[PDB]
Amino acid sequence: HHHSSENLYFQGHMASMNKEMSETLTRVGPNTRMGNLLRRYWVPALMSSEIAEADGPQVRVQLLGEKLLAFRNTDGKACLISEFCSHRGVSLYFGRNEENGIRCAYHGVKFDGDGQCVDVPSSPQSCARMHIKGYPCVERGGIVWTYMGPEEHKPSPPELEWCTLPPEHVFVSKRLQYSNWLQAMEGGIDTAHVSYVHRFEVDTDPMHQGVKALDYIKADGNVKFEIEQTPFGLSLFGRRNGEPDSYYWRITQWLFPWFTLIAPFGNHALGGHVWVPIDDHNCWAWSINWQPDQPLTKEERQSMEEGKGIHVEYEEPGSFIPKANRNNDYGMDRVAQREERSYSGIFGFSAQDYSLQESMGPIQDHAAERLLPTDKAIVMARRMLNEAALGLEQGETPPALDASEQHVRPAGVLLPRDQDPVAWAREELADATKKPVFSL
Amino acid sequence: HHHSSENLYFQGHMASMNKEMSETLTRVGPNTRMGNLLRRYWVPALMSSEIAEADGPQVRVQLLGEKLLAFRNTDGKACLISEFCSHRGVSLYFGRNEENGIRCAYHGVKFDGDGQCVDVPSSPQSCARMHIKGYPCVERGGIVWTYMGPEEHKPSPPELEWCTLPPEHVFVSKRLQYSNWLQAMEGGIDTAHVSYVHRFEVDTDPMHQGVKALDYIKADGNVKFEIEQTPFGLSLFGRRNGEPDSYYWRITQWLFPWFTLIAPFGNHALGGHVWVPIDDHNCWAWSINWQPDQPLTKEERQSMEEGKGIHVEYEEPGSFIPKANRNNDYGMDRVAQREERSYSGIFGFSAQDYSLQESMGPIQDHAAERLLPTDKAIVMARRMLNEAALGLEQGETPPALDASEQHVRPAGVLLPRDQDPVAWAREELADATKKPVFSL
Amino acid sequence: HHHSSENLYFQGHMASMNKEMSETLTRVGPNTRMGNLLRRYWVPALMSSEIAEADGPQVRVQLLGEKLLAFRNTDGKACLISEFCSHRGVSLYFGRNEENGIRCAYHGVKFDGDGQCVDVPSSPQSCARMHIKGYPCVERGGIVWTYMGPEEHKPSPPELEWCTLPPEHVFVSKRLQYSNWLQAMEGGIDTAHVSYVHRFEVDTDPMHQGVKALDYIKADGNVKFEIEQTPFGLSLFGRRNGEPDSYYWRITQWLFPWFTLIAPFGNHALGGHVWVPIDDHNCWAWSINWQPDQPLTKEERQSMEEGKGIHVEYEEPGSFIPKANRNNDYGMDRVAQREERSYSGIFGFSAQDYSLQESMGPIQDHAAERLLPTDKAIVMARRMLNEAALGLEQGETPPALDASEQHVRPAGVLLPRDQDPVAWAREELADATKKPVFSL
Ligand code: FES
Ligand code: FES
Ligand code: FES
Ligand SMILES: [Fe+2]
Ligand SMILES: [Fe+2]
Ligand SMILES: [Fe+2]
């Protein structure tokens, strides 16, 4: 136990974060508690498509405070190294990807994919003092993943369902988000939000519309939660009223430290997020859709490419800033707000969510938060993160390192009000990726 | 007395501000000395026209360091609350103005105009812990005023002449100014400025031109001052040479803490300012024109709408940034400067003044100021402000709280050089809003 | 000796800067060690052409941390004063250049070219307390130079070759550079760079192309250095392989504290730089071309005006920001990079160099530099600067104050591998501006 560990409840409501814990969770740079924790997991760096071909243009990428450079060498292996030449500090973005390496444009020093210095023109014997940081990589889901932690503790690469399926079952997008990773992830472990800001989007949008779940979601925002701790993270049982006999359970899966699997809408593709910290004020927000049984159709895949569903349209090509952003007021339409075609005045799943999270300021004011029951999932995920971060300081091994425990699924069920859903899911969600999808 | 109180004179010239006093007067945020002083007066928040209709789009407004949200409820009452949901800190700009309240777009918590939480979906019993800051409001002059101080010390709403007249006698505009409130207000208690930067504007401009005062103003920048302290603030007797027998007295009224009434030009409408701090580096600069006797004509009102006189044209619609600003060099025309159609090279009353005040940097370098005689009004207003601010710390009641003492007028008179103007004004400016305007 | 003085070598490689020395050299503002050192030399402020005519528009100029104003008075003398009115701190950019002075636009105070206050309307006796900083000036090379140091130590104005020649032998340009003066100057005392980033530019460009030096430069980046200390700065003997019998020596001249003369390419005009600190994060980079024997032709002069050679094309007219800059990715063409028409992917001498130096961040990370042999000149210039800066603190007189020692030239020679170049240059580079140019 460490003083920082906040109590779960205070005066009979859930308790907010104390100052130190606020910091433990938000500060992600090198040699921070959370910086060190996050380094132990495989990290999604960028998409394979951004560095498609060998000897192709390198791209700058910033993760967990460090500034890096991604490129694909001559053999075709995706590599990731530090952005800066060890010589006089110039950027290797201006260098030359060729002959299995990056060669600095200033004086010709060359580094390979592991950041080993392999040529120094003026001084061949200096190689060993010119090494820079290079990080191992693997490709899965159409994403380049990197391992940024101590060499001896590198785990098995992740085996989430969208990472194991064949390519054309899967579709991935990413968006830059002008806020700290925490508040953003917090948004996808809060199913009560869907009943308010998304109330009217849920009907027009092709990845969501025309399924029976919507009648129940629309008609009750008041979500009671049950939370079960597991080898991979948490399972979130979000209860709403079904019929008068019954309850609509949405079960979303939180896979520590930064993944969700969202409970389905009908036979529409399954959805998921990742959030990756760029610094303490920004993050990559990843969105994944995938179908377990058939390929994605063309009307599915194309709808995603146009930026419907949990995806977005971009400001300019290869921008990764959304079309709706803090410069155009996120497209606010007050007229639409009055006529009840949009709750917030903003259009689009993604925008409706990040508009609000950006508006909190880069880091949410944790001091001024006053929590409610709908925040049960959030509070527990915070504890798991804090206790892992603090535990790693003290030499404990962090949770969820074992990829085989990540073969799981979200779900929806209608159930009588006396049936216990945790028991139900013991029965039904064992070996869940072999069964079809539990849906409504 | 407090060490901060600077002496009025040093080595036979007027004395500049010491470091602490510099700070006492410029730092306007919550729980500062000047923050607390200013909170005791009614504060001009925004114009009624910006939130014209009920259930209409709320607007963000920042005053005295705090970030707020203004809107007009269903009954039609202008309200002003804190910008941020008490729940998880999201902006209420994205919420819903309806049924006498703002409802947060994220999870549906609703606040009324006094910032009382009136609905919590997930937890009806939590209402009392979810309150936010809400501030009483009143409408006068076409302006929404708010009272931001302790509840028990709220005074009578202000009774300045342009606040009591009927609407069509009055016209109000506001402009965003990229500098601290102090240096800006200081500019409208410095009538010597008019003889230099405005020398050539005073003739072309329809709210100023073709009156006899101009010959005397143009022909003498060297203004001797007499200052009389009063219940409402200060009276500023600015002396210039008239004929060889006489003196042209411009009497401007400074109404503590942040108002002026400017001495008239002819029968042209009367003019006035307010300056309101947004933060320590910016302020709203308000300009008011009004006619006591008749309505404003259409050529008057329209000229003001086009941005002549003490008003401005805007960069874009509903911007409140001026057409001439720090990005276009305030429109500088050096050719016009050489040909003596503009002193500074810049066109427009307002621009000619704020161009210079913005150029001092956000906060004037008080350490490096070397004062002259034309700065007599400035020095005294500084003392009144410092002594009120410091006195409030020590439990003294601040000046000018009583609205009835604000029924006053500015004036111009030609007078023989032996006649004392203070005596003159005892006689003539008693009950001044009942008489016509003393002018030239 | 002062602890700061770093050792020249560590573990058999050249040693990087310690923390304090890093600071000694980069911090250039008033009352810093390096601020004080640099003040003792004549400083290039701006070009004569920017303030061509008398009573012409003044221009803002920022040097060595101070913010100034340059203008040409009625007599025609270039003057330089502090930007700000001593009265209430307004900018004199808005004032009036006429009758041998600048008159403030606010209240009419006037200053002459030495910063003496010569008129105060409200108070003639106040003149002596209203003085501001004014700095003596002289014109040479088409540049206004100013002397910003104590009055009693003003030296003779500089007698560099391009300062003494007649106007039409000479051409000067300047560019704003988004980095500290040091790393930029460091770039022009590093001839090994030319073999890499400039490899392909050296052939297409009319101030460089079609001369025999290129074959030798292209074919060896591995530059051995010999450095000889002199009255004016350092002489840099950069050795590359010539034929198998011989060595191509490029001798560049570093004239303390911030000038270079670059070793020639053929009969193409001679080239030189200056770097002048604006603040700790930016600098003016000056480029000079000149021909000693004939005028510059029209195809020479015009090519320079179009921004070829060590000059640049600008973003907009009178901008001084380059066409290629940090906003357009410096024009990167990866296709050209692959097809070996550009090493870095960037086009243009100047851009190829400053792209890399800007990319280090405003101040190079001196802690993380790992030096190589090609950095011999850099290391020594750093010592000369540190020891002068530290010595001035202790009352020692700084080096290179004597203009007559600046009548020198750069050179290239092919030489047998047994001939010593320093001896060669004793013989040949005595009285070098009287001889023709040693070239290849
Ligand atoms: S900075 Fe990269 S090789 Fe010199
Ligand atoms: S943040 Fe406003 S109700 Fe949740
Ligand atoms: S500020 Fe320059 S004269 Fe008043
Ligand atoms: Fe959502
Ligand atoms: Fe004015
Ligand atoms: Fe170069």
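Quick notes on the rules
Sequence positions in this view are assigned from 1 along each chain in the order the sequence is written. Entry numbering can differ, and residues without coordinates are absent from the display. For this description, chains carry letters from A and ligands carry numbers from 1, given in the order in which they are written. To obtain the side-chain values, all non-hydrogen atoms of the structure were used and water was disregarded. As annotated, the domain borders come from an automatic or database domain assignment. Should any heavy atoms of two residues lie within 4.5 Å, those residues are considered in contact. Note on definitions: buried area is the accessible-area loss of two parts on being combined, 1.4 Å probe, summed for both. Any carboxyl oxygen of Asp or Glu within 4 Å of a side-chain nitrogen of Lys or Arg constitutes a salt bridge here. Ten residues, namely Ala, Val, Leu, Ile, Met, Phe, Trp, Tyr, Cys and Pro, are considered nonpolar, four, namely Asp, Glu, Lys and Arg, are considered charged, and the remaining ones, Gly among them, are considered polar. A pocket, in this scheme, is an open set of points on a 1 Å grid over the protein atoms alone with protein on both sides within 12 Å along at least 5 of 7 lines, while a cavity is a set where a 1.4 Å probe fits but cannot get out; residues line either one if an atom lies within 4 Å of a point. Grid points are joined across faces, edges and corners, and a volume is the space filled by probe spheres set on the points. For the purposes of this entry, the term helix denotes a DSSP run of H or I that reaches at least four residues, the term strand denotes a run of E that reaches at least two, and both are numbered from the N terminus. Exposure is judged per residue with a 1.4 Å probe applied to protein chains only, and the accessible area is read against the type maximum: over 50% gives exposed, under 20% gives buried, and values in between give partly exposed. UniProt positions are given in the numbering used here, feature names are shortened, and annotations may be inferred rather than shown by experiment. By the convention used here, strands pair only if DSSP detects at least 2 bridges between them. Water is not part of the atom set, so a site may look incomplete; the donors themselves are N, O and S atoms within 2.8 Å of the metal, or 3.2 Å for Na, K and Ca. For the purposes of these results, a polar contact is taken to be a pair of N or O atoms within 3.5 Å, where, inside protein, one atom must be able to donate a hydrogen and its partner to accept one; residues adjacent in sequence count only when each atom of the pair is a side-chain atom. The atoms used to superpose the copies are the C-alpha atoms, and the fit is by least squares. Centres within 6.5 Å make a pair out of two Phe, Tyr or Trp rings, where for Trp the six-membered ring is used; the pair is then stacked when the planes are under 30 degrees apart, edge-to-face when over 60, and tilted otherwise. Two limits define a charge over a ring: the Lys NZ or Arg CZ must be within 6 Å of the ring centre, and within 35 degrees of the ring normal.

- By the method listed in its record, X-ray crystallography, this PDB entry was determined to a resolution of 2.96 Å.

## A word on the domain arrangement of chain A
All names here are of chain A.
At step 1: Examined at the domain level, chain A breaks down into domain 1 (43-153) and domain 2 (161-428).
At step 2: Just the C-alpha atoms count here: the centres of domain 1 and domain 2 sit 33 Å apart.
At step 3: At the interface, 14 residues of domain 1 touch 15 residues of domain 2.
At step 4: When residues of domain 1 are sorted by the area they lose upon contact with domain 2, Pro44, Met47 and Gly141 head the list and together hold 34% of the total.
At step 5: Of the charged contacts in the structure, one is a salt bridge between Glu50 and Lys174, with a shortest N-O distance of 3.0 Å.
At step 6: Tallied by class, the residues present in the side of domain 1 that touches domain 2 amount to 9 nonpolar, 3 polar and 2 charged.

## Thoughts on the layout of surface pockets
At step 1: In this model, the largest pocket occupies a volume close to 1,100 Å³.
At step 2: If you trace the largest pocket, you find 37 residues lining it, with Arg60, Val61, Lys67, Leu68 and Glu83 of chain A closest to the centre.
At step 3: Elements supplying a minimum of two residues to the lining of the largest pocket: strand 4 (59-63), strand 5 (66-72) and strand 14 (170-177) of chain A.
At step 4: Among the elements that line the lining of the largest pocket, the one with the most residues is strand 4 of chain A, at 4 residues.
At step 5: Its residues placed into classes, the lining of the largest pocket shows 16 nonpolar, 9 polar and 12 charged.
At step 6: In this structure, the second largest pocket occupies an estimated 850 Å³ of space.
At step 7: As for the second largest pocket, its lining consists of 26 residues, of which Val59, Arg60, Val61, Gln62 and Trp284 of chain C are closest to the centre.
At step 8: Top element by residues in the lining of the second largest pocket is strand 4 (residues 59-63) of chain C. It accounts for 4 residues.

## Quick notes on unusual backbone geometry
At step 1: A cis geometry characterises the amide bond from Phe256 of chain A onward to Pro257 of chain A, with omega recorded as -5°.
At step 2: Although it is not a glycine, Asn100 of chain C sits at a positive phi angle of roughly 55°.
At step 3: The residue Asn100 of chain C is located in the loop between strand 7 (96-97) and strand 8 (102-103) in this model.
At step 4: Classification of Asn100 of chain C by relative accessible area gives partly exposed; the value is 30%.
At step 5: We note that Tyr330 of chain C has phi near 55°; this positive angle belongs to a residue other than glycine.

## Regarding the UniProt feature "binding site: Fe(2+)" (unreviewed entry) in chain A
At step 1: Per the UniProt entry, the sites bearing "binding site: Fe(2+)" (unreviewed entry) are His193, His198 and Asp353 of chain A in this numbering. A maximum C-alpha distance of 8.7 Å among these annotated residues, which run over 161 residues, shows that they cluster at one spot.
At step 2: Along the chain, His198 of chain A turns up in the loop between helix 4 (181-186) and helix 5 (201-204).
At step 3: Not counting chain neighbours up to four residues away, the residues in contact with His198 of chain A comprise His193, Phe349, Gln352 and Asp353 of chain A.
At step 4: Mapped onto the elements of the fold, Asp353 of chain A is located in helix 9 (residues 349-358).
At step 5: Each residue touching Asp353 of chain A, except ones within four places of it in the same chain, is listed here: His193, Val197 and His198 of chain A together with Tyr106 of chain B.

## Some details on the sheet that holds strand 6 (residues 78-82) of chain B
Residues and elements named next belong to chain B.
At step 1: Reading across the sheet, the 4 strands line up as 4-5-6-11 and stay open at both edges, with antiparallel pairing between neighbours. Every interior strand has two partners, whereas the edge strands, strand 4 (59-63) and strand 11 (134-135), have only one.
At step 2: Here strand 6 pairs with strand 11 via 2 bridges, running antiparallel. Residue pairing across strands places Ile81 opposite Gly134, the latter belonging to strand 11.

## What about the coordination of the iron ion (ligand 5)?
Residues and elements named next belong to chain B.
At step 1: Bound to the iron ion (ligand 5) are the protein donor atoms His193 (NE2), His198 (NE2) and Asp353 (OD), situated 1.8 to 2.1 Å from the metal.
At step 2: All donors of the iron ion (ligand 5) belong to a single chain; written as a sequence motif, their spacing is H-x4-H-x154-D. One end of the pair, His193, is in the loop between helix 4 (181-186) and helix 5 (201-204); the other, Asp353, is in helix 9 (residues 349-358), with 160 residues separating them in the sequence.

## What to know about the interface of chain A and chain C
At step 1: With 29 residues of chain A at the interface, the matching set in chain C holds 37 residues.
At step 2: For the chain A and chain C pair, buried surface summed over both sides reaches about 2,700 Å², with 54% attributable to carbon and sulfur atoms.
At step 3: Remark: the boundary between chain A and chain C carries 3 salt bridges.
At step 4: Counting every contact that joins chain A to chain C gives 18 residue pairs in polar contact.
At step 5: For the side of chain A that touches chain C, the class distribution of residues is 12 nonpolar, 11 polar and 6 charged.

## Considering the relation of the copies chain A and chain B
At step 1: Superposing chain A onto chain B takes a rotation of 120° plus a shift of 0.0 Å along the axis, which leaves an RMSD of 0.0 Å. Taken together, the rotation and translation describe the operation of a three-fold axis. Of every C-alpha in chain A, the one belonging to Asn327 of chain A sits nearest the axis of rotation, 11 Å from it.

## What about the packing of aromatic side chains?
At step 1: Summed over all chains, the structure comprises 42 aromatic pairs over all chains.
At step 2: Their ring planes at 85° and their centres at 5.9 Å tell us that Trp284 of chain C and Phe320 of chain C sit as a pair that is edge-to-face. Placement of the pair is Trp284 of chain C in strand 20 (residues 283-290) and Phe320 of chain C in the loop between helix 7 (298-305) and helix 8 (334-338), with a sequence separation of 36 residues. The pair formed by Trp284 of chain C and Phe320 of chain C is uniform in burial state, with each residue classed as buried.
At step 3: The rings of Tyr93 and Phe94 of chain A together with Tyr330 and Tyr354 of chain C are connected pair by pair, giving a single aromatic cluster.
At step 4: For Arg250 of chain A, the ring lying beneath its charged end belongs to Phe265 of chain A, and the centroid distance is 4.3 Å.
At step 5: Its guanidinium or amino end placed over the ring of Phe320 of chain C, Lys174 of chain C lies 4.5 Å from that ring's centre, counting from NZ or CZ.

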